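Data first, discussion second: the structure below is written as structure tokens.
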Amino acid sequence: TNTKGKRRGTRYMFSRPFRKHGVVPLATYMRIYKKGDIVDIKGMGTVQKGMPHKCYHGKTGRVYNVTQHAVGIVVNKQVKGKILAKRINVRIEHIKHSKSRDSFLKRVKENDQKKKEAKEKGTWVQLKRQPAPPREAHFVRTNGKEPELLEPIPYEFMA
Amino acid sequence: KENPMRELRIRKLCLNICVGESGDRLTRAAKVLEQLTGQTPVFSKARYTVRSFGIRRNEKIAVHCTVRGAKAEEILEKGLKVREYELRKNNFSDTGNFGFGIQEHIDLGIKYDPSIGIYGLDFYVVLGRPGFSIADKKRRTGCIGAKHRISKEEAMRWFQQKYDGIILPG
Amino acid sequence: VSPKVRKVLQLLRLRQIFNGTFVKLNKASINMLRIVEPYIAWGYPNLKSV
Amino acid sequence: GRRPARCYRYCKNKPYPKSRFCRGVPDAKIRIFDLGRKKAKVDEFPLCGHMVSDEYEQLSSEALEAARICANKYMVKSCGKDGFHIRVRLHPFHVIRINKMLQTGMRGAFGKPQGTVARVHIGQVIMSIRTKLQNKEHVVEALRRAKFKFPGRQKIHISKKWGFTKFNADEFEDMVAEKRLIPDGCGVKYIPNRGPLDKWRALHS
Amino acid sequence: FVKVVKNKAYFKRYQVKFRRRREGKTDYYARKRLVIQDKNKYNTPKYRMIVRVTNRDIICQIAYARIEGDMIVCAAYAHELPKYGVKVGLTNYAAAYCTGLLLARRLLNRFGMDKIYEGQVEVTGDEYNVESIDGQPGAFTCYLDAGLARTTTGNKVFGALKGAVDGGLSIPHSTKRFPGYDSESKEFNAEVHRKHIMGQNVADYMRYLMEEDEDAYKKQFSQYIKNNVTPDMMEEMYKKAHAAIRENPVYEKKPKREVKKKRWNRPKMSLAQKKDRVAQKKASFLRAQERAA
RNA sequence: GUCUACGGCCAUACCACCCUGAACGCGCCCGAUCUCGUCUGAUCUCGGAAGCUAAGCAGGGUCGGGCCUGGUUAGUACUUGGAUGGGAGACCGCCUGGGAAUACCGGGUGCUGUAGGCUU
RNA sequence: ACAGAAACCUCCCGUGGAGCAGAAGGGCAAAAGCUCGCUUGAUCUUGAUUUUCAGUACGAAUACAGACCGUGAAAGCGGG
RNA sequence: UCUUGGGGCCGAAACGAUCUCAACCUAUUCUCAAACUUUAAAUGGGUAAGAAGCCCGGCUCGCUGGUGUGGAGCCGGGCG
Ligand SMILES: [Mg+2]
Ligand SMILES: [Mg+2]
Ligand SMILES: [Mg+2]
Ligand SMILES: [Mg+2]
Ligand SMILES: [Mg+2]
Ligand SMILES: [Mg+2]
Ligand SMILES: [Mg+2]
Ligand SMILES: [Mg+2]
Ligand SMILES: [Mg+2]
Ligand SMILES: [Mg+2]
């Protein structure tokens, strides 16, 4: 069997990328984390304090508590047939603001602007996204050039 | 016309007496250097234990001191006089320094005293130009740059002009 | 039937063999039909078929 | 002394080199990979034939040593001891183990090193011979005879590259004339239109 | 022959340090603990007082860190001191005190807190800390960023810090590093500190040199003579500078003037220029070879 | 055009060598009374202002190394899902989708925030 | 100088090719290493959390909160 | 290639000459890795895709604090 060691199997997971070792850039500590923020957890081997456990590496959760150095994150974890909402205390070196919602918050403002504007013009504008539709009919101009004929090439043993 | 800031000078003279063992001999050597330089020297311990040399790690075996300024020029003259202002070409390092050995310190005008004895010592001269200190400062350290370094030929050339010395071949 | 095919066939409402449905085509749906490729015959019906 | 080569024909295990974890591996049967006139310049031997594996299998170091002898002896007989240069292109790095029975049985069955093999892919060259153009038939026969020391299927193929270089023979002569190639013993160095211009001055002076 | 260590592989694997570290200007181990704010204080700024003494100047700044870079809230330079009557000795301890005082009064003036927190208008050179007044805006609080300086006793960064706290800024500190602290008895003599703040150590030197060697005096203090600064008047000179600094610490920026477009360094050569240069060099080489034969 | 203090990203910024640097800066630099520290005022600390861009530093250059980014490698290698496909096997082809990495070839060589200077 | 392959002194290059008690992996360069100065955050205390997990115990570990303290010029850092 | 060695080899003999084969260095070259790696897939694992949202005005705080600053909570209102 395997060991129950806390950091087993993190040889590559927690190591630093190639030629990106050494000092931690200080903008890592200047990020502002509020209650309700979505953050992606990514353990960093340079700082050994407040390390998330390996199972939380690559997961995204919500901030519920902010201390001087860490935050409390409610992150889902699947254990067999159930998913538990787990609360982990992670130092802010091992997290980053998630962009997963920014595309949504961009759309809301665009939605809220368009909804307001269209209303005062008495017009209807699409607000819901749609899946990419089938391409519509179009013309392809030859420009008096016959398409180049293609043929399969003969086999060649380039051994 | 050469820039005034390119003129060679003696950064320091470094005197070393590797007695090879601790005890009374080393302390006496510490007194020869103090007589010659007028400043208290410092003892250096053995990095490793070596059976053949009979030295144990962290054992004081040598004493040395650095001399700068006008005092370095004065003491260097005594040694170069004992050499008759003759040095070999191989005595110069490729980084622009040189040095020589003295077999008895009494030749340097140090009056013999019964309770000290006779010792030899090394002489090493570190040359330099102004602005060599950028590599030794804490804030905004730098490297002096290729054109400002001192070559073996420039060091030998300086020694001849400065002392009218002779660079023997080999 | 493998789990991922079993779910996609249930969303198309094709829970029985030789069941049929219309499916309006787009990126979302065309990629569902690719998962169930071995389990379905599909294509474009003409007006008479409808 | 050793098991028949059918017992280790296929690449069933991950590569198992001789390392600090696998210790006690006996020496491989094949220790020489180049024989003949190794020192011939690039231009003396323009022709190059290959023995190319048509299978994904393991070739034992004993088969590589035997084939090398078989191919080399023919070349000496038909082209002279200085008319060719042979290069075995496979090195037996994968170690094969043995679980030696006489009794525990299958308890603690992890085996000790027995030998070494080379893992060869489909289309991978096994050994190469370069010589003069007129010796084309003698290369093919030498490699045809060496196919009988190996298991599986091999193909003899006369390369379109010049000698042991990576450059086509139909343009190697021009590339040397234009100084894109510089003879460097058995091979050629490639000179790009890059780097210090003092290199260009040296070549063109 | 020995292996080239700085070969191609030594550069493929090489990782450069931070630019400010390469330059030898910023200590990132110290900076992290200086600028980084507690996460449960969010956007609350963490002000620090930067003191850098150059070879000829003293720069005092108040800054807080942001993700795009430090935002300087207020700056005071020692090259400004001639406006306040101090002409010479713009890197000595007395100047550092004035520069720190000017930085404090200028900030408090900007925030409108200069009347509330006047500091210690009469310089005593002793331990003093500004305490907030209830019902009034709180005292401005910053920390001393000493950079790479060796923070031994008498370092001029503590001269500027003393000038700032005596101006009304709240800066945690002890007297251990003011000139006047005795490492033997572990006692702080405020009267020694007050001497340095008024530059008497410099004044004593001028008298000492004048009575030792006139030639040395001229060599050491040529510009003090040119500006008619004598040892007797130095203490008053600095006391006036403190009053003037307090009277009007505002900075009037130098009015910018449009200039004729002038370029003082070469621009990059284009690809065509670089390419054509190689062609000319090649033609020149072959041409010389043909000429020789 | 550009610098100084403090920075963010952290080589498009590094490394090597060469050329040029107006003004202000930054420096080298000159000393050791004081503060302070050394075997040594070299460093550190302090007091200065005779000299110099020699150096650091800035800009530029090199069919430069590196680095960054494209092309080729290549719809190749590998790969999801399919067959009562082939083949004694080893393995391979096809169907439905995804899709690399060297060598080799080209291009580029810091951007920028706050505050404060210089530059008719 | 003695001094040699290896003693000590000096200059230069040096991305870590050393060291960090130990197995290995990760991490680390004005430091996490080496050397000094001062010290006992290896102290007292309630809860929360993580890891194994049944989401039990232990063990170990993580953020805090309250006291007392050390250190530093200070920001801070430290309850092995 | 002298920065070291073995063969030689002319000698009065030395780093003098002469070669010659190795170690060294520099560009190349064949072949590899479960306990190597600069690169780097496919398949895969989290999260988001609104009313528990958004946008306004105010109030509480013993927390934070140059600042009526910040943060949290609470109340009222408008948007389908
Ligand atoms: Mg240079
Ligand atoms: Mg197996
Ligand atoms: Mg510090
Ligand atoms: Mg000038
Ligand atoms: Mg000096
Ligand atoms: Mg110059
Ligand atoms: Mg290049
Ligand atoms: Mg630039
Ligand atoms: Mg330290
Ligand atoms: Mg506590």
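Following Swiss-Prot, chain E residues are numbered 3-295, in order.
If you're wondering, the header gives electron microscopy, 2.7 Å.
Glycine too: its Cβ is placed from the backbone N, Cα and C atoms.
If you check Swiss-Prot, you get these features:
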type: MOD_RES; residues: E:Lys5; note: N6-acetyllysine
type: MOD_RES; residues: E:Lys48; note: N6-acetyllysine
type: MOD_RES; residues: E:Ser185; note: phosphoserine
type: CROSSLNK; residues: E:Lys220; note: SUMO1 cross-link
type: MOD_RES; residues: E:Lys220; note: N6-acetyllysine
type: CROSSLNK; residues: E:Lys220; note: SUMO2 cross-link
type: MOD_RES; residues: E:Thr232; note: phosphothreonine
type: COMPBIAS; residues: E:258-268; note: compositional bias 'Basic residues'
type: MOD_RES; residues: E:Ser272; note: phosphoserine
Including all protein chains shown, what's the count of other C-beta atoms within 10 A of the C-beta of E:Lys48 (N6-acetyllysine)?
16
Using C-alpha atoms, which one of the recorded positions E:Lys5, E:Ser185, E:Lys220 comes nearest to E:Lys48 (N6-acetyllysine)?
E:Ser185
Counting other Cβ atoms within 10 Å of each Cβ, which of the recorded positions E:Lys5, E:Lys220 scores lowest?
E:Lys5
Give me the CA-CA distance between E:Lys5 (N6-acetyllysine) and E:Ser272 (phosphoserine), in Å, as a whole number.
37
Of the residues in the compositional bias 'Basic residues' (E:258-268), how many are helix, strand and coil by DSSP?
0 helix, 0 strand, 11 coil
Out of E:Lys220, E:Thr232, E:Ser272, which of these recorded positions is nearest E:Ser185 (phosphoserine) by C-alpha distance?
E:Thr232
Please report how many Å separate the Cα atom of E:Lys220 (SUMO1 cross-link) from that of the residue listed as 'phosphothreonine', as a whole number.
12
Here the Cα-Cα span from E:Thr232 (phosphothreonine) to E:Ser272 (phosphoserine), rounded to a whole number of angstrom, reaches 60
Residues near E:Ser272 (phosphoserine) in space but at least six apart in sequence (CB under 8 A)
none
Neighbouring C-beta atoms (10 Å sphere around the C-beta of E:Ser185 (phosphoserine)):
9
